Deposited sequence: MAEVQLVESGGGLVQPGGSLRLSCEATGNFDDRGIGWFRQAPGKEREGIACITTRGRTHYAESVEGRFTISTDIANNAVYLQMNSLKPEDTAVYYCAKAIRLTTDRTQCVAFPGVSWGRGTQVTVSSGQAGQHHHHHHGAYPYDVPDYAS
């Protein structure tokens, strides 16, 4: 029901905009997974437009809702290399972006930052 696009290969300092497009009307989060690491929630937005960012991307990435949710990725770093996924998510404070229970992960879009 959620479909990712917009990945690519970019030099350090570059910029990409990922899209998460719903097959119908629709909290949404962006997640990423690097080789050998756990999937991590990096940005999410509630049904009302309140956002949360992981510390690794705050100030460089922006999540925006339009039937699509975008991730504007500015000032890309090699450590941003990963497959990026979008899924229903909740902002869980104890504060993390957490995938909704029972979420089915799609295919995602590949992002590689290298010179």
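Numbering the deposited sequence from 1, one finds several regions with no C-alpha coordinates, namely 1 to 4, 31 to 33, 74 to 76, 105 to 106, 128 to 150.
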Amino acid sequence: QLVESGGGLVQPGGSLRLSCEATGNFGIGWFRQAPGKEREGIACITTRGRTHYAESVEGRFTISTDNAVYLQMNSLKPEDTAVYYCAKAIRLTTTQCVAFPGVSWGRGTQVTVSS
From here on, numbers count along this sequence of modelled residues.
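Between 28 to 36 and 44 to 52, the higher mean Cα B-factor belongs to 44 to 52. Comparing the C-alpha B-factors of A22, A99, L9, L16 in the entry, the top value falls on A22. Looking at the C-alpha B-factors along this chain, the one for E79 belongs to the middle third.
Sorting the modelled residues of the chain by their CA temperature factor places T112 in the middle third. Among all modelled residues in this chain, the alpha-carbon of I90 has a temperature factor (C-alpha) in the highest third. Ranked against the other modelled residues of its chain, the C-alpha B-factor of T65 as given in the entry falls in the middle third.
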